Structures are given as structure tokens and as C-alpha cells.
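Next come the chains, spelled out residue by residue.
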Amino acid sequence: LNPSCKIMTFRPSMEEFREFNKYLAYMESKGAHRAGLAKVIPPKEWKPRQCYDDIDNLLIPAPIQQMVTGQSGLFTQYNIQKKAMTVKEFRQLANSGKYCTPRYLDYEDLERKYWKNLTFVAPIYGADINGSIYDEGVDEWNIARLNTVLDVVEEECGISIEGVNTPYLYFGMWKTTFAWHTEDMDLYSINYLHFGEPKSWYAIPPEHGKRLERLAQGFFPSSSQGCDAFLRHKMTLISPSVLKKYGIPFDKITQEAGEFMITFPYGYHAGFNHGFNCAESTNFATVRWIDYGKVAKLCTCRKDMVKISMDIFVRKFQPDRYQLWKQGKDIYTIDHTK
Ligand SMILES: O=C(O)CNC(=O)C(=O)O
Ligand SMILES: [Cl-]
Ligand code: NI
Ligand SMILES: [Zn+2]
């Protein structure tokens, strides 16, 4: 139990680290999941890639100019697609006077500059690129193959996981933003920062998630009017100032190069990149997630949003409740602490 619900940081030895699934279980046994987010710093000797030089040549097919509109800690974000770009070209763009990180004293100061400068120059994010940049043969915490319940269902049972378990690359520059969200189907996610400047995160404990949603609904009654789960559009920014004022409990932490972040089922998070960087992420599941999956509020307003059938997971891992669940009689409220 982690009763404060504060974001925990783990520093495993190489032996404790080798097995991702085992380590995640250890993390949750210390109450890591109550914060909605955790940091894992792997041992210094562990390198998922020996040389990042070739990545400069990688193509970013569809870079995204992030346009923010709003005022005083409350913003909506929309994307404008830009020309394809190599990573080398993107790096040079990010480091130019227009797009580079401002001078700052410390992270708190930099955070302050972010919220103050959001509606000026629009940053460009190289987001959602299919792929992994781990060397072949790296078997520890390989984002491309984590072997979680998600992978078992896909391979043993022939069920479509939706490419929820496929790796994505994200090249950030200063001010590039990720709006408040939980993962598709309220899954876990894992995020590794390969190289470059940090990434700052805000997190809300799963046990206070509904309070963020309520606050969001108040500030964007428009958005809310058109969609039960509008936060899933990933367009809504709410500053910590606004959160503090309305008493939404949250925590913050900065991920540095070589660090893993793990977000947990129904753990709301958001944040921004400090400058040029490269992160790799995917979604994954555990048995504990199943109850979240069966109860997840989905996007009602679009066509192609991600929706995974929960039938196989309930049938295979919750056989005691399967029939009751299919009858609509599996009624419960989730203990985000267990
Ligand atoms: O780095 C980003 O663009 C945001 N990442 C996440 O929301 C995540 O890894 O779960
Ligand atoms: Cl700035
Ligand atoms: Ni996320
Ligand atoms: Zn929607």
C-alpha cells in the first residue's frame, strides 16, 4: 500500500530488472499503481541500443503541428499535418532559435515557461510512428514483445488486439504536448526515453480519475455534450494551477534519458517534452486490468476509435464471472488500491 498515492521511482539491480512482468508485479505490490504512474530507472549497464547514430536517417512520414487555443490554464489542442521529414531534419528544426528550449533555472521554471508560452509558436511533434529502435536480441523490457496477457490472447486464442501492443516512436521538441488521457480501453502503457531532453508528466491517481472528468465536463460542456468520453480525443489541456485551485489531487515527475515510465489502468496523465528527444511506447495488460477493460467509457462520437472485445479475457481469466458478466449481472465498483 502506497497511501499518499505519490509517484514512485524504482532503481532495480540487474537481477531484479531482467524480468519485466515479474518486476511490474513487484511494483504493484508496493502500491506503485495508486499514483497512476511510476518511474523505473534500469541499471546503468543496460543498453537497449548500442548506437543511436543511424536513427538520424529515419523518416517521420507525418509530423504534427500542435495548435493550442484557450486561456488561463484551459486549452484545446488540434493537429495540422506537415511534410514528411527525416529525424536529422527534425532535430535541426527543434534546435533552431524558433523551436529550441528557452533558458531556464530549473524544471519548475521551465514548467512555468511552458504554460506561459503555449499559445505562441506552434511546436511540431513527430508522433505515433510505427516501429522500435531496440537492437535485435535485447530480451529485457523489449517494448515490441512484453509477453503480457494481451500477447497471450492474440497468439494462443487468435483474437485481434488492435495493434495496441505494437511499438510506437515519438520525436519531441520543446513544448510538444500530450493532453490529459487514459490509455485506450484503460490499458497500461510503458514509455522509454531513448535519448534527448526530458519529458515531464502529470498524473492523477486512478481513485481520483472521476474528479478530473467532472472538472473537465464543467470546463468543456461543449466537448462533453457531443461525447461521453471526450478526453479520449486527446485534445484537452488543464494546467496544474487549475487542478490545485479545484482540489484535484495530482503529482508530477520528469523522465530523463534512459528512463522508463509506466502508466496504470485509469491513470490520467499529461505533459510535455523539454526539447529534442525520442521515446518509444506501447500498451500492455495484466489480469488486474480486465475489470477496468470491462467498465471503460468509450468514445461515442467517432468511427475508428480503439475497442477491444473483453469476452476472451473474462472467459479465460475470470471464468467464475463470465456467465454473470454476459447476463449483465456482474456489477461492481473498482478498488484502485488492491
Ligand atoms: O510522450 C508522449 O507523447 C505521451 N506518452 C504517453 O501518453 C504514454 O507513453 O503513455
Ligand atoms: Cl518558450
Ligand atoms: Ni498515455
Ligand atoms: Zn468521441
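The title line of the PDB record says "Crystal structure of human JMJD2C catalytic domain".

Attention shifts here to the coordination of the zinc ion (ligand 4). Taken together, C227 (SG), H233 (NE2), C299 (SG) and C301 (SG) make up the protein donors of the zinc ion (ligand 4), found 2.1 to 2.5 Å from the metal. For the zinc ion (ligand 4), the four donor atoms in the first shell make angles of 90 to 118° at the metal, so the coordination geometry reads as tetrahedral.

Here we take up the site of ligand 1. In the vicinity of ligand 1, the contacting residues are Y125, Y170, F178, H181, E183, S189, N191, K199, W201, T263, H269 and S281. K199 has a polar side-chain atom sitting 2.7 Å from an oxygen atom of ligand 1. A distance of 3.1 Å is found between an oxygen atom of ligand 1 and a side-chain nitrogen or oxygen belonging to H269. Mapped by element, the contributors of at least two residues to the shell around ligand 1 are β9 (177-181), β10 (188-196) and β11 (199-204). Here the shell around ligand 1 is built from residues that sort into four nonpolar, six polar and two charged.

Looking now at the UniProt feature "binding site: 2-oxoglutarate" in the protein chain. Cross-referencing UniProt, the feature "binding site: 2-oxoglutarate" maps to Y125, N191, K199 and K234 in the present numbering. Note on placement: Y125 falls in strand β7 (residues 124-130). On the accessibility criterion, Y125 (6% relative accessible area) is buried. With near-sequence residues (within four places) excluded, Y125 lies in contact with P63, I64, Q66, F90, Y170, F171, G172, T176, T177, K199 and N273. With respect to the helices, strands and loops of the structure, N191 is situated in strand β10. The residues contacting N191, other than those within four sequence positions of it, are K199, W201, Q255, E259, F260, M261, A279, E280 and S281.

Attention now moves to the nonpolar core. Formed by 70 residues in total, the largest nonpolar core has its most connected members in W141, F260, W289 and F313. For this core, the element with the most residues is helix α2 (residues 20-29), which contributes four residues. Once residues lying within four places of it in the same chain are set aside, the contact partners of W141 are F17, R18, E19, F20, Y23, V40, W46, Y134, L146, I190, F260 and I262. Grouped together as the second largest cluster of nonpolar side chains are 16 residues, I60, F90, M173 and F276 included.

Procedures and definitions
- Residues numbered from 1 in each chain as written, not as in the entry; some residues may be left out.
- Chains lettered and ligands numbered in written order.
- Heavy atoms only, no water.
- Residues with missing side-chain atoms left out of burial classes, pairs and counts.
- Donors = N, O, S within 2.8 Å, 3.2 Å for Na, K, Ca; no water.
- Tetrahedral: all angles 85-135°; square planar, octahedral: opposite > 155°, others 65-115°.
- Near = heavy atom within 4 Å.
- Polar contact = N/O pair within 3.5 Å; in protein donor to acceptor, adjacent residues only side chain to side chain.
- Helix = DSSP H or I, 4+ residues; strand = E, 2+ residues; numbered from the N terminus.
- Nonpolar A, V, L, I, M, F, W, Y, C, P; charged D, E, K, R; others polar.
- UniProt positions renumbered as here; feature names shortened; annotations may be inferred.
- Buried < 20%, exposed > 50% of the residue type's maximum accessible area, 1.4 Å probe, protein only.
- Contact = heavy atoms within 4.5 Å.
- Core = buried A, V, L, I, M, F, W, Y, C linked by side-chain atoms within 4.5 Å.

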